[PDB]
Ligand SMILES: [Cl-]
């Protein structure tokens, strides 16, 4: 439970201002003139955006500015761009002047993004895997937006609910999404069907791929 | 426990005169200015930014331009001294020094102008 | 340029010990206070510990007091975090951070997993390109990294020579408690049969390094 409090998420149209607030739970944890802000992109380390509530390090875009008022600190992003989608964290020095505390983070969403259909690639079990008496169907889903899909597997017309493992969608560098689904089957099951299908539905539009033992 | 102290929390200054306000911070005799950050502000207006051993005047607020300076000879002694020349009525208000030198702390100083 | 390289992470059983190290360069190490900041998978940043430039003063978050010890070697420019009596709650990516008014530089982090589950290296299988559906333009081939624990695995192509068009998917945590991922690359369909494609899989927790040659099926 983070000592500093910020919004869980913030959404906004591009080419527009957006402000994330930071506040404390006491004086021993939150001192506005000593507030820092960090940007963190998926799979990357945090980056210092503002320090001492309003100071901007060398290299940070002039679109990022910070301010304070009362027992509150704020991060303002001017002229919102798609690359600004990241998690933002505030931090403050504690009462001692040696320790630190962080806010719980804020996920920034840039709402302009156009819809993108998923690109689906389905792979049959490799011959090497079949030799080890195992079989896995690999369904790779990428470049879709928004980040919500539903995956359904078919054994030549019949829905398959057992042996399926699907990831939750994750944000890619281009701000689109990726996800993957895996179907585990015995080599006997793979050879006892005409084919298998991975069917992905995205915003009421279905994209299906089919693979067979002889294809 | 990094602590910044002030010899005086209130200064009464005459219009047109020069004023020097101070914040003190702990020095360990082997002073490294590459680790020291000194920031002076008055009502959200940037006055001084001493970072990486250099005064960054590129961010100085208009009124404090060419009138405000940090006395760099005092930094080695653990003193952040802001000198403002030709004091104006608009210079009256609450000033704050934020110093980082390992740890970090801040103090407020009020200025009254006659 | 300023560099902070963390090392020492991996799988630890609960109650076990681990030492992380951070090699710093590009700055006068002894002039700056240093910190360790951690982040549990999918969660926020948590400050862990700080140490003054000389090493004479150490500070800890209440959650790690009496179990973790921060230290530094100002001649080798190295920062350490000795972790003892590890708990499942300590599972996180641990970052090394330089303190200068704020954390101006961060390392890339090292993953620490505290669990009673045993390590298991992955099995690697090629995802052969469809020479059955060739004569188009672009072909997709891959590498299936199956049934490993704990995270992470790194995947490269042709020992780092092939980077363009590579997509390595995030792992799927299955009901077995094991992870599985795939890495794909799209290449010109005219290249197949002439160009060699090899996926290099590294799973440091288990000491597994596998090179797998991906050939068109036919
Ligand atoms: Cl914290």
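Virtual Cβ from ideal backbone geometry, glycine too; neighbours counted across all protein chains shown. Bear in mind these aren't lab numbers, they're just calculated from the coordinates by the rules spelled out.
Considering C:84, C:77, which residue is more than 13 Å from every other protein chain (Cβ to nearest Cβ), more than 25 Å from residue A:103 (Cβ to Cβ), in contact with a helix residue (DSSP H, G or I) (Cβ under 6 Å, 6 or more places away or on another chain) and in contact (Cβ under 8 Å) with a residue 24 or more places away in the chain?
C:77
Yes or no, residue by residue, for (1) away from the ligand (no atom under 16 Å from the Cβ); (2) within 14 Å of chain B (Cβ to nearest Cβ):
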| position | (1), (2) |
| --- | --- |
| A:97 | no, yes |
| A:106 | no, no |
| A:114 | yes, no |
| A:130 | yes, no |
| A:141 | yes, no |
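Pairs under 7 Å by beta carbon, first residue within 14 Å of chain C (Cβ to nearest Cβ) in region A:1-20, partner more than 16 Å from the ligand (Cβ to nearest atom) and assigned to a loop (DSSP other than H, G, I, E, B), six or more apart or different chains?
Qualifying pairs under 7 Å: A:20/A:7.
Is it the case that region C:143-155 has a residue that's without any contact (Cβ under 8 Å) to a residue 12 or more places away in the chain and surrounded by fewer than 16 Cβ atoms within 10 Å (Cβ to Cβ)?
Within region C:143-155 (the criterion being without any contact (Cβ under 8 Å) to a residue 12 or more places away in the chain and surrounded by fewer than 16 Cβ atoms within 10 Å (Cβ to Cβ)), the answer is no, since none of the residues qualifies.
Output yes when any residue across region A:87-95 is surrounded by 16 or more Cβ atoms within 10 Å (Cβ to Cβ), away from the ligand (no atom under 16 Å from the Cβ) and within 14 Å of chain B (Cβ to nearest Cβ), and no when none is. Spell out how you get there, then give the answer.
Pass one, region A:87-95, residues surrounded by 16 or more Cβ atoms within 10 Å (Cβ to Cβ): A:87-94.
Restricting the remaining residues to those that are away from the ligand (no atom under 16 Å from the Cβ) gives none.
Scanning region A:87-95 turns up no residue that is surrounded by 16 or more Cβ atoms within 10 Å (Cβ to Cβ), away from the ligand (no atom under 16 Å from the Cβ) and within 14 Å of chain B (Cβ to nearest Cβ).
Go over the candidates A:143, A:156 one by one and state the one that is surrounded by fewer than 18 Cβ atoms within 10 Å (Cβ to Cβ) and within 19 Å of the chain's Cα centre (by Cα).
Result of the check over A:143, A:156: A:143.
Look at region C:113-127 and say how many of its residues are out of contact with any strand residue (DSSP E or B) (no Cβ under 7 Å at 6 or more places or on another chain) and touching a residue at least 40 places away in the same chain (Cβ under 8 Å).
Summing the residues that are out of contact with any strand residue (DSSP E or B) (no Cβ under 7 Å at 6 or more places or on another chain) and touching a residue at least 40 places away in the same chain (Cβ under 8 Å) in region C:113-127 gives 1.
Criterion first (outside any loop (DSSP other than H, G, I, E, B) and surrounded by fewer than 18 Cβ atoms within 10 Å (Cβ to Cβ)) does residue C:175 satisfy it?
On the way: outside any loop (DSSP other than H, G, I, E, B): no; surrounded by fewer than 18 Cβ atoms within 10 Å (Cβ to Cβ): yes.
No; evaluated as a whole, the condition is false for this residue.
Quickly run through region C:34-51 and pick out the residues that are within 11 Å of the ligand (Cβ to nearest atom) and either out of contact with any strand residue (DSSP E or B) (no Cβ under 9 Å at 6 or more places or on another chain) or more than 10 Å from chain A (Cβ to nearest Cβ) (or both).
C:38
Confirm whether residue A:42 is within 11 Å of chain C (Cβ to nearest Cβ) and either surrounded by 19 or more Cβ atoms within 10 Å (Cβ to Cβ) or touching a residue at least 24 places away in the same chain (Cβ under 8 Å) (or both).
Yes; evaluated as a whole, the condition is true for this residue.
Considering each residue of region A:2-23, count those that are assigned to a loop (DSSP other than H, G, I, E, B), within 16 Å of the ligand (Cβ to nearest atom) and within 22 Å of the chain's Cα centre (by Cα), and give that number.
Result for region A:2-23: 2.
Here is a check on your reading of the model: is residue C:130 on the phi > 0 side of the Ramachandran plot, more than 16 Å from the ligand (Cβ to nearest atom), touching a residue at least 40 places away in the same chain (Cβ under 8 Å) and out of contact with any helix residue (DSSP H, G or I) (no Cβ under 8 Å at 6 or more places or on another chain)?
no
Looking at C:31, C:54 in this structure, which one is away from the ligand (no atom under 14 Å from the Cβ), facing another protein chain (nearest Cβ under 8 Å) and crowded, with 17+ Cβ neighbours inside 10 Å?
C:31
Do we find a residue being touching a strand residue (DSSP E or B) at 6+ places or on another chain (Cβ under 9 Å) and within 16 Å of the ligand (Cβ to nearest atom) anywhere in region C:68-75?
Among the residues of region C:68-75, at least one is touching a strand residue (DSSP E or B) at 6+ places or on another chain (Cβ under 9 Å) and within 16 Å of the ligand (Cβ to nearest atom), which makes the answer yes.
Can you name the residue in region A:27-50 that is assigned to a loop (DSSP other than H, G, I, E, B) and within 14 Å of the ligand (Cβ to nearest atom) and, of all such residues, is nearest to residue C:108 (Cα to Cα)?
Result: A:46.
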